[PDB]
$ cat final-v5.pdb   # PDB, C-alpha atoms (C1' of nucleotides) and all ligand atoms
ATOM      1  CA  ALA A  10     -26.760  -4.528  41.240
ATOM      2  CA  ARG A  11     -24.956  -1.165  40.675
ATOM      3  CA  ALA A  12     -21.868  -2.319  38.738
ATOM      4  CA  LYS A  13     -21.505  -0.181  35.641
ATOM      5  CA  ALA A  14     -19.349   1.163  32.769
ATOM      6  CA  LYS A  15     -17.865  -1.200  30.108
ATOM      7  CA  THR A  16     -18.578  -0.895  26.359
ATOM      8  CA  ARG A  17     -19.148  -3.890  24.047
ATOM      9  CA  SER A  18     -16.511  -2.567  21.616
ATOM     10  CA  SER A  19     -13.966  -2.927  24.460
ATOM     11  CA  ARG A  20     -15.250  -6.449  25.279
ATOM     12  CA  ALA A  21     -14.781  -7.560  21.645
ATOM     13  CA  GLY A  22     -11.287  -5.961  21.488
ATOM     14  CA  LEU A  23     -12.471  -3.588  18.759
ATOM     15  CA  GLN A  24     -12.313   0.056  17.738
ATOM     16  CA  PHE A  25     -15.547   0.184  15.792
ATOM     17  CA  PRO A  26     -18.703   0.924  17.783
ATOM     18  CA  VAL A  27     -20.390  -2.448  18.420
ATOM     19  CA  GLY A  28     -23.225  -0.743  20.334
ATOM     20  CA  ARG A  29     -23.948   1.785  17.585
ATOM     21  CA  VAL A  30     -23.740  -0.981  14.962
ATOM     22  CA  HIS A  31     -26.245  -2.898  17.037
ATOM     23  CA  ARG A  32     -28.653  -0.001  17.220
ATOM     24  CA  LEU A  33     -28.240   0.603  13.476
ATOM     25  CA  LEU A  34     -29.098  -3.004  12.742
ATOM     26  CA  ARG A  35     -32.105  -2.774  15.112
ATOM     27  CA  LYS A  36     -33.376   0.470  13.616
ATOM     28  CA  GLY A  37     -32.725  -0.462   9.969
ATOM     29  CA  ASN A  38     -35.595  -2.899   9.248
ATOM     30  CA  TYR A  39     -33.245  -5.832   8.531
ATOM     31  CA  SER A  40     -34.844  -8.382  10.845
ATOM     32  CA  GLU A  41     -37.337  -8.434  13.704
ATOM     33  CA  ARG A  42     -34.728  -9.793  16.121
ATOM     34  CA  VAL A  43     -30.951  -9.308  16.288
ATOM     35  CA  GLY A  44     -28.506 -11.649  18.005
ATOM     36  CA  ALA A  45     -25.944 -10.312  20.450
ATOM     37  CA  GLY A  46     -23.027 -11.499  18.275
ATOM     38  CA  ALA A  47     -24.405 -10.054  15.024
ATOM     39  CA  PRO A  48     -23.194  -6.516  15.635
ATOM     40  CA  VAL A  49     -19.855  -7.694  17.138
ATOM     41  CA  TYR A  50     -19.030  -9.801  14.067
ATOM     42  CA  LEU A  51     -20.184  -7.020  11.678
ATOM     43  CA  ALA A  52     -18.278  -4.213  13.455
ATOM     44  CA  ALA A  53     -15.121  -6.319  13.377
ATOM     45  CA  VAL A  54     -15.504  -6.827   9.585
ATOM     46  CA  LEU A  55     -16.011  -3.077   9.008
ATOM     47  CA  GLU A  56     -12.902  -2.487  11.132
ATOM     48  CA  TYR A  57     -10.839  -4.870   8.958
ATOM     49  CA  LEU A  58     -12.162  -3.591   5.579
ATOM     50  CA  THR A  59     -11.589  -0.059   6.895
ATOM     51  CA  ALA A  60      -8.059  -0.962   8.092
ATOM     52  CA  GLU A  61      -7.158  -2.690   4.823
ATOM     53  CA  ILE A  62      -8.036   0.376   2.736
ATOM     54  CA  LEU A  63      -6.126   2.733   5.111
TER      55      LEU A  63
ATOM     56  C1'  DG B   1      26.914  -6.672 -61.969
ATOM     57  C1'  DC B   2      25.884  -1.452 -62.895
ATOM     58  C1'  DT B   3      25.098   3.629 -61.348
ATOM     59  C1'  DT B   4      21.579   6.807 -59.406
ATOM     60  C1'  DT B   5      18.211   7.643 -56.556
ATOM     61  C1'  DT B   6      14.546   8.217 -53.133
ATOM     62  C1'  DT B   7      13.781   6.247 -48.142
ATOM     63  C1'  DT B   8      15.040   4.905 -43.297
ATOM     64  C1'  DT B   9      17.834   5.258 -39.818
ATOM     65  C1'  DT B  10      21.458   7.784 -37.274
ATOM     66  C1'  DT B  11      23.410  11.639 -35.347
ATOM     67  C1'  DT B  12      23.230  16.001 -34.057
ATOM     68  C1'  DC B  13      21.556  19.886 -31.829
ATOM     69  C1'  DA B  14      17.942  23.481 -30.262
ATOM     70  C1'  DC B  15      14.337  24.163 -27.365
ATOM     71  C1'  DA B  16      10.137  23.204 -24.959
ATOM     72  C1'  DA B  17       8.082  21.238 -21.461
ATOM     73  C1'  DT B  18       8.102  18.924 -17.176
ATOM     74  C1'  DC B  19      10.683  17.860 -12.758
ATOM     75  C1'  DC B  20      13.333  19.273  -8.827
ATOM     76  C1'  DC B  21      14.407  22.376  -5.087
ATOM     77  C1'  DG B  22      13.852  25.899  -0.931
ATOM     78  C1'  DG B  23      10.974  29.583   0.712
ATOM     79  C1'  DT B  24       6.557  31.920   2.240
ATOM     80  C1'  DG B  25       1.619  32.084   4.180
ATOM     81  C1'  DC B  26      -2.782  30.405   4.862
ATOM     82  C1'  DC B  27      -6.420  27.351   6.940
ATOM     83  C1'  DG B  28      -8.116  23.090   8.019
ATOM     84  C1'  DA B  29      -6.509  18.899  10.364
ATOM     85  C1'  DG B  30      -6.159  17.899  14.921
ATOM     86  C1'  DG B  31      -6.947  18.001  19.510
ATOM     87  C1'  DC B  32      -9.128  19.623  23.438
ATOM     88  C1'  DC B  33     -13.269  21.512  26.255
ATOM     89  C1'  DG B  34     -17.710  21.118  28.293
ATOM     90  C1'  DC B  35     -22.348  19.331  27.806
ATOM     91  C1'  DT B  36     -25.667  15.703  26.515
ATOM     92  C1'  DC B  37     -27.958  11.746  24.522
ATOM     93  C1'  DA B  38     -27.454   7.413  23.400
ATOM     94  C1'  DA B  39     -25.072   2.978  25.038
ATOM     95  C1'  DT B  40     -25.130   0.435  29.211
ATOM     96  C1'  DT B  41     -26.908  -2.084  33.202
ATOM     97  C1'  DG B  42     -30.030  -5.112  35.546
ATOM     98  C1'  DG B  43     -34.809  -6.107  35.800
ATOM     99  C1'  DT B  44     -38.805  -8.991  33.721
ATOM    100  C1'  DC B  45     -41.162 -11.781  30.666
ATOM    101  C1'  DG B  46     -42.290 -14.780  26.077
ATOM    102  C1'  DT B  47     -41.269 -17.166  22.144
ATOM    103  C1'  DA B  48     -37.857 -18.431  18.347
ATOM    104  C1'  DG B  49     -35.406 -21.958  17.050
ATOM    105  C1'  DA B  50     -32.512 -25.851  18.632
ATOM    106  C1'  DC B  51     -33.431 -30.415  19.162
ATOM    107  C1'  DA B  52     -35.101 -35.315  18.706
ATOM    108  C1'  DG B  53     -37.849 -38.321  16.447
ATOM    109  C1'  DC B  54     -40.652 -39.520  12.513
ATOM    110  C1'  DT B  55     -42.735 -39.518   7.660
ATOM    111  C1'  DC B  56     -42.285 -40.259   2.862
ATOM    112  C1'  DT B  57     -40.440 -37.106  -1.127
ATOM    113  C1'  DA B  58     -37.722 -37.247  -4.603
ATOM    114  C1'  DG B  59     -32.985 -37.748  -5.856
ATOM    115  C1'  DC B  60     -29.816 -41.294  -7.434
ATOM    116  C1'  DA B  61     -28.289 -45.728  -9.525
ATOM    117  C1'  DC B  62     -28.865 -48.798 -12.902
ATOM    118  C1'  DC B  63     -30.601 -51.335 -17.037
ATOM    119  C1'  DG B  64     -31.314 -51.905 -22.147
ATOM    120  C1'  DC B  65     -33.129 -50.327 -26.736
ATOM    121  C1'  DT B  66     -33.755 -46.585 -30.307
ATOM    122  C1'  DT B  67     -32.437 -43.169 -32.937
ATOM    123  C1'  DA B  68     -31.182 -38.369 -33.210
ATOM    124  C1'  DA B  69     -26.827 -36.074 -32.546
ATOM    125  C1'  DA B  70     -21.760 -35.773 -32.498
ATOM    126  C1'  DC B  71     -17.892 -36.883 -34.923
ATOM    127  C1'  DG B  72     -14.440 -36.847 -38.529
ATOM    128  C1'  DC B  73     -13.161 -36.360 -42.772
ATOM    129  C1'  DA B  74     -13.001 -34.241 -47.862
ATOM    130  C1'  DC B  75     -13.482 -30.056 -50.426
ATOM    131  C1'  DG B  76     -13.506 -25.447 -52.045
ATOM    132  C1'  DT B  77     -15.030 -20.867 -51.466
ATOM    133  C1'  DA B  78     -15.635 -16.863 -49.311
ATOM    134  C1'  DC B  79     -13.502 -14.669 -45.756
ATOM    135  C1'  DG B  80      -9.857 -11.995 -42.906
ATOM    136  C1'  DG B  81      -6.168  -9.267 -43.584
ATOM    137  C1'  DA B  82      -2.034  -7.640 -45.579
ATOM    138  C1'  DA B  83      -0.270  -4.060 -48.719
ATOM    139  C1'  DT B  84      -0.877   0.539 -51.327
ATOM    140  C1'  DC B  85      -2.608   4.834 -52.640
TER     141       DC B  85
HETATM  142 CA    CA C   1     -41.741 -25.174  15.755
HETATM  143 CA    CA C   2     -33.862 -34.004  11.236
HETATM  144 CL    CL C   3     -25.797 -13.713  17.544
END
$ encode --input "final-v5.pdb" --output "structure tokens"
Amino acid sequence: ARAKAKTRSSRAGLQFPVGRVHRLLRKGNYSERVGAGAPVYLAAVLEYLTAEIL
DNA sequence: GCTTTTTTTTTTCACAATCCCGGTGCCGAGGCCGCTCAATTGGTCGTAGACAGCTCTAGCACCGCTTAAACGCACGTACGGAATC
């Protein structure tokens, strides 16, 4: 148990910050609990809507 | 049909404005540096919700009368809408 480094954005194959998105969900008063996929799905959508506009 | 006009459309140009080009200069996009704080890891601990099994609500199908409501036509009158000053 000392095996560190990887980011969730990298796991999901994304550019947008999954971790940040997660925190933002958690800190936003949206729901008491937040699934582990919730931010991944969301971030990916924001990536796509961002990419489409650009 | 006449002639004799006034209008509309064509042709013609002048001219005004906007578009295109190469050149110059500034500053903010862009990328890097060096520090830090927030994302990550691995722990623990508890309950949310996924599940299975059961109750009984209420949503659907159907039937068969009774009108109120939709339909389809005749009829003419006011309306929408062109033209003109
Ligand atoms: Ca329950
Ligand atoms: Ca059930
Ligand atoms: Cl999830």
$ resolve_selection --input "final-v5.pdb" --expression "the PyMOL selection byres (((not hetatm)) within 12 of (chain C and resi 2))" --output "ChimeraX atom specification"
/B:50-55
$ closest_residue --input "final-v5.pdb" --among "B:18, B:77, B:40, B:10" --to "chain A" --atoms "only C-alpha atoms (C1' of nucleotides)"
B:40
$ residues_around --input "final-v5.pdb" --residues "residue 59 (chain A)" --least-positions-apart "6" --cutoff "12 Å" --atoms "only C-alpha atoms (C1' of nucleotides)" --output "ChimeraX atom specification"
/A:24-25,52-53
$ closest_residue --input "final-v5.pdb" --among "B:6, B:11, B:47, B:36" --to "ligand CA 1 (chain C)" --atoms "only C-alpha atoms (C1' of nucleotides) and all ligand atoms"
B:47
$ resolve_selection --input "final-v5.pdb" --expression "the PyMOL selection byres ((chain A) within 12 of (chain B))" --output "list in words"
residues 10, 11, 12, 13, 14, 15, 16, 17, 18, 26, 27, 28, 29, 30, 31, 32, 41, 42, 43 and 44 of chain A
$ closest_atom_pairs --input "final-v5.pdb" --of "chain A" --to "ligand CL 3 (chain C)" --cutoff "9 Å" --atoms "all atoms listed in the file" --output "tab-separated table"
residue	atom	partner	partner_atom	distance
A:43	CA	C:CL3	CL	6.9
A:44	CA	C:CL3	CL	3.4
A:45	CA	C:CL3	CL	4.5
A:46	CA	C:CL3	CL	3.6
A:47	CA	C:CL3	CL	4.7
A:48	CA	C:CL3	CL	7.9
A:49	CA	C:CL3	CL	8.5
A:50	CA	C:CL3	CL	8.6
$ write_last_selection --input "final-v5.pdb" --atoms "C-alpha atoms" --output "PDB file, keeping the file's coordinate frame"
ATOM      1  CA  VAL A  43     -30.951  -9.308  16.288  1.00  0.00           C
ATOM      2  CA  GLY A  44     -28.506 -11.649  18.005  1.00  0.00           C
ATOM      3  CA  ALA A  45     -25.944 -10.312  20.450  1.00  0.00           C
ATOM      4  CA  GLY A  46     -23.027 -11.499  18.275  1.00  0.00           C
ATOM      5  CA  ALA A  47     -24.405 -10.054  15.024  1.00  0.00           C
ATOM      6  CA  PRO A  48     -23.194  -6.516  15.635  1.00  0.00           C
ATOM      7  CA  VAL A  49     -19.855  -7.694  17.138  1.00  0.00           C
ATOM      8  CA  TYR A  50     -19.030  -9.801  14.067  1.00  0.00           C
TER       9      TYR A  50
END
$ atom_distance --input "final-v5.pdb" --atom1 "CA of residue 63 (chain A)" --atom2 "CA of residue 51 (chain A)"
18.3 Å
$ atom_distance --input "final-v5.pdb" --atom1 "CA of residue 21 (chain A)" --atom2 "CA of residue 60 (chain A)"
16.5 Å
$ axis_aligned_box --input "final-v5.pdb" --around "region 2-18 of chain B" --padding-each-side "3 Å" --output "AutoDock Vina command-line options"
--center_x 17.0 --center_y 11.4 --center_z -40.0 --size_x 23.8 --size_y 31.6 --size_z 51.7
$ atom_distance --input "final-v5.pdb" --atom1 "CA of residue 56 (chain A)" --atom2 "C1' of residue 31 (chain B)"
22.9 Å
$ build_atoms --input "final-v5.pdb" --residues "region 25-41 of chain A" --atoms "N, CA, C and O atoms" --output "CSV table (one decimal), keeping the file's coordinate frame"
chain,number,residue,atom,x,y,z
A,25,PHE,N,-14.3,-0.2,16.3
A,25,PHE,CA,-15.5,0.2,15.8
A,25,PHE,C,-16.7,0.0,16.8
A,25,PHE,O,-16.6,-0.9,17.7
A,26,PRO,N,-17.7,0.9,16.8
A,26,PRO,CA,-18.7,0.9,17.8
A,26,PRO,C,-19.7,-0.2,17.7
A,26,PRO,O,-20.7,-0.1,17.0
A,27,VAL,N,-19.4,-1.3,18.4
A,27,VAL,CA,-20.4,-2.4,18.4
A,27,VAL,C,-21.8,-2.0,18.8
A,27,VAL,O,-22.8,-2.4,18.1
A,28,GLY,N,-21.9,-1.2,19.9
A,28,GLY,CA,-23.2,-0.7,20.3
A,28,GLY,C,-24.0,0.0,19.3
A,28,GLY,O,-25.2,-0.3,19.0
A,29,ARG,N,-23.3,1.0,18.7
A,29,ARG,CA,-23.9,1.8,17.6
A,29,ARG,C,-24.4,0.8,16.5
A,29,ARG,O,-25.5,0.9,16.0
A,30,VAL,N,-23.5,0.0,16.0
A,30,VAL,CA,-23.7,-1.0,15.0
A,30,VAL,C,-25.0,-1.8,15.3
A,30,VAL,O,-25.8,-2.0,14.4
A,31,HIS,N,-25.1,-2.1,16.6
A,31,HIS,CA,-26.2,-2.9,17.0
A,31,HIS,C,-27.5,-2.1,16.8
A,31,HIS,O,-28.5,-2.6,16.2
A,32,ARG,N,-27.5,-0.9,17.3
A,32,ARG,CA,-28.7,0.0,17.2
A,32,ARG,C,-29.0,0.2,15.8
A,32,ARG,O,-30.2,0.1,15.4
A,33,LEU,N,-28.0,0.4,14.9
A,33,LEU,CA,-28.2,0.6,13.5
A,33,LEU,C,-28.9,-0.6,12.8
A,33,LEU,O,-29.8,-0.4,12.0
A,34,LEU,N,-28.4,-1.8,13.1
A,34,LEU,CA,-29.1,-3.0,12.7
A,34,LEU,C,-30.6,-3.0,13.2
A,34,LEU,O,-31.5,-3.3,12.4
A,35,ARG,N,-30.8,-2.7,14.5
A,35,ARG,CA,-32.1,-2.8,15.1
A,35,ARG,C,-33.0,-1.8,14.4
A,35,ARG,O,-34.2,-2.1,14.1
A,36,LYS,N,-32.5,-0.6,14.1
A,36,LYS,CA,-33.4,0.5,13.6
A,36,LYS,C,-33.5,0.5,12.1
A,36,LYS,O,-34.2,1.3,11.5
A,37,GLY,N,-32.8,-0.5,11.4
A,37,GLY,CA,-32.7,-0.5,10.0
A,37,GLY,C,-33.8,-1.2,9.2
A,37,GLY,O,-33.7,-1.2,8.0
A,38,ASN,N,-34.7,-1.9,9.9
A,38,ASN,CA,-35.6,-2.9,9.2
A,38,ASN,C,-34.8,-4.0,8.4
A,38,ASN,O,-35.0,-4.1,7.2
A,39,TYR,N,-34.0,-4.7,9.1
A,39,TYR,CA,-33.2,-5.8,8.5
A,39,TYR,C,-33.9,-7.1,9.0
A,39,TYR,O,-34.2,-8.0,8.2
A,40,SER,N,-34.1,-7.3,10.3
A,40,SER,CA,-34.8,-8.4,10.8
A,40,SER,C,-35.5,-8.0,12.1
A,40,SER,O,-35.1,-7.0,12.8
A,41,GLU,N,-36.6,-8.7,12.5
A,41,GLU,CA,-37.3,-8.4,13.7
A,41,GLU,C,-36.5,-8.6,15.0
A,41,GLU,O,-36.6,-7.8,15.9
